Amino acid sequence: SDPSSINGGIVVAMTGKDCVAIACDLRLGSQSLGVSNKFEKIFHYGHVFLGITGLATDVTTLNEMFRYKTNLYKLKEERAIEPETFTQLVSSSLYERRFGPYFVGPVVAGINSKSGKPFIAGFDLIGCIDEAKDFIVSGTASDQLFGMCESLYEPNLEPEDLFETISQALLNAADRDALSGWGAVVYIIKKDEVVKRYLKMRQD
Amino acid sequence: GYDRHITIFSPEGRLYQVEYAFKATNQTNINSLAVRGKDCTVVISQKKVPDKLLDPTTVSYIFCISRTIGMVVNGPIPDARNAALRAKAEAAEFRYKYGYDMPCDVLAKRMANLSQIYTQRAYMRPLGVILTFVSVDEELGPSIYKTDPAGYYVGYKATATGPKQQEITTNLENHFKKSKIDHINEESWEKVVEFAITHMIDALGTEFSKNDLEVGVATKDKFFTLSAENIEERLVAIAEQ
Amino acid sequence: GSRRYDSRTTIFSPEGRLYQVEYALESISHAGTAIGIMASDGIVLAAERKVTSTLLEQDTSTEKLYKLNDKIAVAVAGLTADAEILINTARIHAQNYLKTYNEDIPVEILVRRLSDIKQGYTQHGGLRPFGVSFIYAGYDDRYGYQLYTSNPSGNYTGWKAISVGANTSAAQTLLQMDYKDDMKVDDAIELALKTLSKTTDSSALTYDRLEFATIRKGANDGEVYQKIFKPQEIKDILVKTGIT
Amino acid sequence: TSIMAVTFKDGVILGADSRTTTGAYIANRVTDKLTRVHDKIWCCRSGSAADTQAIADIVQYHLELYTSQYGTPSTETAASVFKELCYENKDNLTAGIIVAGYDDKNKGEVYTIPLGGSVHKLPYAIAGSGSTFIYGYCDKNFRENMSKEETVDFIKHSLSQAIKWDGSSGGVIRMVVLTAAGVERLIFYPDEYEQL
Amino acid sequence: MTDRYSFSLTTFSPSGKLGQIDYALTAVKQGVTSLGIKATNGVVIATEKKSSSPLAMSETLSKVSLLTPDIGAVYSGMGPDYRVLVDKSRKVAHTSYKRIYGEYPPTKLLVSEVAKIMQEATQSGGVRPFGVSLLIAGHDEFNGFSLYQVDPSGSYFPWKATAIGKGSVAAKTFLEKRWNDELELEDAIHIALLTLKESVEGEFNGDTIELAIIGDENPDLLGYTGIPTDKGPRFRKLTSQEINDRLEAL
Amino acid sequence: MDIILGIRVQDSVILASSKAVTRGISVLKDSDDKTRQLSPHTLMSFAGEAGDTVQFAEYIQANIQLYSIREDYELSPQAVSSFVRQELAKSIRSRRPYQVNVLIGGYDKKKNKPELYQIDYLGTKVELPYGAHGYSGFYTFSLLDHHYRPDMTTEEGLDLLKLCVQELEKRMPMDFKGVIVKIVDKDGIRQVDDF
Amino acid sequence: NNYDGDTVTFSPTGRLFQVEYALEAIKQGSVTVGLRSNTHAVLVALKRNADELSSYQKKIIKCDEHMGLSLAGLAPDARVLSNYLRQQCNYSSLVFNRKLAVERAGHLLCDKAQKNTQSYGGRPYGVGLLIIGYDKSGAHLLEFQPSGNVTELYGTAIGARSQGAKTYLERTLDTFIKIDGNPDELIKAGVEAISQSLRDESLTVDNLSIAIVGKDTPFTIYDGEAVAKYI
Amino acid sequence: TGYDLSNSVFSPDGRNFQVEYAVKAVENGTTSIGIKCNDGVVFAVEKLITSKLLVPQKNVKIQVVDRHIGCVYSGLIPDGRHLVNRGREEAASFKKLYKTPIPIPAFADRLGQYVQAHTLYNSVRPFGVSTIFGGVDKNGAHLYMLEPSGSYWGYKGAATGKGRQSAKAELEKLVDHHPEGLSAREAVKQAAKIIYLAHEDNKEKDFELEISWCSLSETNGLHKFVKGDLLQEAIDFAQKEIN
Amino acid sequence: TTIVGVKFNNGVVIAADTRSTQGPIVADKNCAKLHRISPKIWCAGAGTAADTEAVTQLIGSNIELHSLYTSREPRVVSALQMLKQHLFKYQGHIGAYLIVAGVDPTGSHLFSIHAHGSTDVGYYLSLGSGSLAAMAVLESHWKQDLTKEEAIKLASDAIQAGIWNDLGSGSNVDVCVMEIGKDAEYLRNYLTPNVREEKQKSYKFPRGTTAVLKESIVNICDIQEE
């Protein structure tokens, strides 16, 4: 009934020293029924990464929408969109559906190509921006993620240390949520290299 | 030669319908003058009642747009009233939307933009009028802003409009060359009206009775027009010195 | 009423021609020459900027060659402002298609869409047509490398090599003479520049009077790269081919 | 809310409390419920604050545009504009407005416009939640052609009782006097009116 | 009533000319000279304040207009057409950009939007083209400083330096000799004043000349303090006094 | 309607769909084919609210056939599935949404690969080796999870499908009157007339 | 000349040529006569045939039980205007339980025709109408021109050669107005009036069309052998 | 040339020839007048009797707007009716919103803006009527006259149509000889005389006199037609003066 | 949320806490609730957070265009009128509750705005879940003719009352001071009385603790040349 918890799933993003990390589970379900273990919730437009939790049809729709919009942006601007700018675009796009919204919990992550500054941001379904320094969480195990992130996180983590922190935050949060899990992916993002890692976790 | 019938460019880059609208401006054969005091803005205009059957109280080209803004028009009365009604509507809408009284210069700009549209859109003709807006603005003080059929507008220290505008303009120019200030250094509006009338008499070379003139005065928080008896008192003071 | 001033832009002449289309084509004939040459391993787009100035900021300037998406580009001949209206519409159509089918738009489908828009202005609405002729250079996985042209009539055709704008009669003869089917991109680059150098109304062909682009599978493995040449890169290829 | 308007010899006086509540919380204890739509045409507002403010603003706009064209409007004309808005939009409004004004020709006039959007011209009017408690008092104590001082006392005593019994009313008693002489604002504090 | 002119008023003649655009350009030619010069650390735009009457207050008539905090515009041709274009340019910078991306548009894209409006008046039903050429100077983070010209047709070109209107041919020749890629902003202002003096007949001072720059951020003009990233507008209109100071070193 | 199953094997996609049509109290038909051929190498099965199912399926069919004629070219299964998803995603926020769930079984002639797409009425698309809609998966997925291999033959896929249908016939309360089975491969679409 | 291209253009002498050209179409139309007494009102119309095989074009149209008209000019325009009258008569009856006054019917026709003379794109109506009716103020006869001018009259005639019938009625004015409570004699006067507009041809059985309305007489049209009595 | 072919086109003079051509239609029309009296207004019109077949007193020309305003016009009669219909809509919406009946000056501008609007576009034709109108409101009596251009002024006396010069001269005498003012009953008599005197310009055909009046004392500020004995008394007075 | 506004001698000050919540969960511990409508017109928002930010940006955008059009600095009454007419049109469905404060050529101003479109004038105001705690402080200590320093003290004390006593409010105090004839000074994190204490333990993991299935380089760069 509740559109934000029919399909399930989670996204978490963290900042580190000259790097950001964004991660998600791979589950798609119809309430109790597990349907797919390959439903990735993180996407990228140039160097800007977007995670989206919530109703899966809207996850797909919004990805296709932001691909559409960042492609036109690039053609006109003659440059790839930046995280700060894309964050405002996501906010604007969600709020234009104020009284008929997409049932999603988006999470932006990336590094500004000019300043080199790590950037993360989160949104509610209606476009309100949460620009946290430390971490952003979203999905059906957001409470669990808040608990994990609040205790595990420390500032200025190196890329390979940040990987361990965000991975453990996601995994243990997902294992306390019925509608999350079935695999996980972690992106480690640096100014000019991005590493993608699939995690081994319990499949129940 | 249909480039002279509608508002499109001639080969010279001219808009003939705009130019002919300027000529309609002088069809009434009336001259108007506007000057600024310290605390006020005065506008005077010739009043001509050629027919004895006319009710002279209804013959007017000065309009009370808002409480603060007054407007004198140079041109035919139907277009004058068209502009007057619109300006009143715009001034009222502005106050409702933005919560404060529409400034004289902002109204002038708005009416100038409307006029500009008639010079660009073919189906709308220009209005054959020149609009002189006056007030005592709460930010800028005494203000004179004038609009024409080209959609042009600008602020004025003083101004004149009509067939004999040049004679009045030069007369005013020469006075401000002497005084070296942007206004009439006078306390009371009564004496600023006396100045306005005196300098129109000098420029045009004609004497005026109380029924030959029409006077509008802008002060802080109100614009008002003078009655024939108020003007008579003004003419008496001029003659007694 | 208003009828008096109506030029009637969408009518036939007694001979069965569309007045405004014909006069728009006359307008395009005075525009800078644009040439497209299709090779087996890529496409070349070469175009001449019209009598420029020394104070024109060339490196940030774009009047001839425009990007529609990552696979398709166009060369413009005619009113630049008119072209940009159409270009933006084409860019949107490509994105609408990509969003719908999750695949890049096939070149012909995009070309047909823009050409249909041009056609509409000649049949209804009472508006003047777009004074623009396009050369479309593009790639898809069905037909591979493709060259098309469209003009204000809304008619489009496919080509191995083609010119639009000024001196197309002279240009098309020169291309027809030296073009071969087994030709390669580097050879096509040379042919394009040689053709412009002979047909130009200017005294000499220089880097500051040119825009240049290549669509190559000369991208690392099975994929396509668009290259809009920079002023210095146009200067280099002019020296390489032996024109300056 | 406790509001009233009373005609007298020299014109009309509007009276009101200053309490605005959200449930049992007093959101504003110094509210001005006496609002100006024209120089000498004012109104008392009761019901939805959003609605009555929106209506009053629209009326003020209409009377300003009226004045630009046709000169000073009558109190009856102002009441008609209020009525038109309240009646035609009755399904989406919760507004109880008393309109009071001073002409030189007609002198002091009072019009009340209840929820339905009907109009009632009266010698005096009372409205708002607190008015219920003073129907008896006002009916017994009102006289026509009172003096300014008598009318001020009548309103002060009336609203004092309305405030005393109605929890939704309170704060200061604001009044606005409309006569040929001009527009006079009056205020009366708790220490003054509670001991009456 | 109804706008019954639903057909184009600009059409191709047999020779391929668009008459109304050419005639609009002729109107621009009659207009007062304005110019723009781009430096390494700024851009300058300038024009003459041709006062229609000495009784008129020429300060109230702004030929040089702020479009965004980092973009300014000047024109040659019909003033009223310019004034409405500035209104539309200001609004479109918000509606089609700032309300979407939360930041002001880059110079080239705002120019593109202005160009589109001018193109539409060249093709749409029942209208004439705008009788103005615009010079738009601006700055943005990724493109740096830039200067663009926009014509009645809707065509726009980027310039290192240029001039439009009355004495544009002579002025452009003057700018070609003086311009180089190592100019500082003060040097460009100096060249601008020299160039503009040639096309001016009468009085040449800070009260008869309008001049603005796109340069360094002005935190004194921001109106508030507390946000480090907000450093103030790059557009600044030079005062009457500031112009006269540089006319002594002329 | 009720049960629709799909399985992608080595070189083909197999769709099994129930034959029953029940209007409340009575089974009005026991030979209903809940599928439409969208293109020569693309088949779509469907289940959902009465009327909407066939209306939607035929609307999609018409659109794909229109595309086929215009371009003289068959769209890839992926392209068809994306088109279908968008229509359903558009539908869910309409005045009256299409209450239709579909499986799209196609053979991509370019890649030489079978492809099965599962899309529900919300526009929730997933590419799967095997899929179902409604309660069908609850009974069958445990069997498919156990036995399925990506290198299965068409004959082995049919055997695993029979086991799924047998489990449905045993534990489901509703009599769905058996299934019509169709195979989608490089040679096109054919029906298994004995099942 | 240069001012007749459309209805929106005054001539230099203040004339509307398109309206005058529409007026000309009435003069080309077949003659029809209208006349009334204090009790009854009568329409008499000379119907026109294309040839000997063709039928005779109907001239008279019923608008209500108490009102109707005869036409001269473009018949389709009469159909539009009569349809509009039918609706207005019908609106009055349904909404106000009130029979539409003949004078008010004229005012409505005037205003409808007027809008076609002041707006671009349209054209004036190319027909003239003679409206008869019996309402709360007795018998009435109106003459409608597509310029918009509607005129209440004792008697009149419009169409080709209508001047002859109009002069006759102008002489007979004092006689036919007094024909009260005698429908046959009032029709006789109308048939004698329209006879003054005939040349070469005479009134035959399928040529003549007569209509009458009165105090205790609903609007009824007579054609064929029903008018042989009056030939 | 060609400036006079389309409405709303400025000639090189700055004139709108189409409006001036509309005036010619007005000048071609019958004579109509208006007289402002002490506590009201009187309207009168010349009705040309084209034929004996015209029913006397039936083809009424003067029209009432609301209950306090009278309107009369010369020129194209249908155009006048169209203008009055609009006037009635204007007066109805004014009273709907503001309660009070529309003041005469307010009403005058409503017609004025509407007529002026028909000089702004080539898709409409100017009004072929000059309209004399007025009545009694809260500020007393008012008489107006409105031309095809949209131009209007307040008047002591007004006249238009073919015999306007004759009428105007007669009105000017009344203004001079009665500075203190004219009574309503006097104005009715004078109105009858003036129409009879102005009939010399239309002397070929005989005519029918029609008079109406609004007066604070005589009609309670409501518009009424002059009928029966009062009308005959005015006709007798008029017939006595011409002989 | 706790937001307050306080008038003083030569201007006005607004303040706010920095806690944004999702039900009982704290989403952001340092949210910026003080929004800019124009350089010298600032507002603080409570209720639906997206609506407060969205409505201030929209009116702020139109205010900027209006300022450019009229060549005048924006007025608080204009922001007030535009906000209330927008909110009234949407009948409370836009859940924006604002305290608007600023200086302009007319003077210094302080208003509150409710979601249904009603507005109020005052010398001291409070909004949000901690408004009652804040108003208690304001009613206890407010006086006429406050200085700049006294108003900042009072405003921040009122926010503190919300921070400590209201569960919906917490973390830090933001302040903005708008004085006549001066630039408005935004004081981000004016007070910081809620810094988290050092944890008992470091939860930095040994590298290689997480089990990994696959690694790969993601191509963020464009299609390459040659």
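Each chain gets a letter, A, B, C, D, E, F, G, H and I, in the order it is written, and its residues are counted from 1.
Following the convention adopted for this analysis, a contact is a pair of C-beta atoms (placed from the backbone, for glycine too) under 8 Å apart; a residue touches a chain by one contact, two chains touch by 3 or more.
Which protein is which chain? UniProt says A = Proteasome subunit beta type-3; B = Proteasome subunit alpha type-1; C = Proteasome subunit alpha type-3; D = Proteasome subunit beta type-1; E = Proteasome subunit alpha type-2; F = Proteasome subunit beta type-4; G = Proteasome subunit alpha type-6; H = Probable proteasome subunit alpha type-7; I = Proteasome subunit beta type-2.
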(message) Counting one step per pair of touching chains, how far is chain D from chain A at the shortest?
(response) 2
(request) Compute the distance, rounded to whole Å, between the mean C-alpha positions of chain D and chain H. (result) 46
(message) Quick check: how many Å separate the C-alpha centres of chain C and chain F?
(response) 45
(request) Can you check how far apart chain B and chain H are, centre to centre, with Cα atoms defining each centre and the answer in Å? (result) 32
(request) Return the distance between the CA-based centres of chain D and chain F, expressed in whole Å. (result) 72
(message) If a residue has to touch 2 or more other chains to count, which residues of chain G qualify?
(response) 8, 120-121
(request) For chain B, jot down the residues that touch at least 2 other chains. (result) 2, 5-6, 85, 96, 105, 109, 122-123
(request) Send over the residues of chain E in touch with two or more other chains. (result) 2, 4-5, 9, 87, 99, 112, 126
(message) Please list each pair of chains that are touching.
(response) A-C, A-E, A-F, A-I, B-C, B-D, B-E, B-H, B-I, C-E, C-F, C-G, C-H, C-I, D-H, D-I, E-H, E-I, G-H
(message) Residue numbers of chain D touching chain I in their complex, please.
(response) 20, 25, 27-28, 30-32, 48-50, 53-54, 92
(message) Show me the residue ranges of chain H that touch chain D in the complex, using the header's touch definition.
(response) 96-100, 103, 105-106, 109
(message) Can you tell me which positions in chain C touch chain A when the two form their complex?
(response) 67-69, 91-92, 95-96, 98-99, 102
(request) State the interface residues of chain I toward chain E in the complex, per the touch definition above. (result) 36, 38-40, 57-58, 61, 64-65, 68-69, 71, 176, 183-188
(message) Quick check: in the complex, which residue numbers of chain B touch chain H?
(response) 1-2, 4-6, 16-17, 20-27, 52-55, 57-59, 76-79, 81-82, 85, 123-126, 128
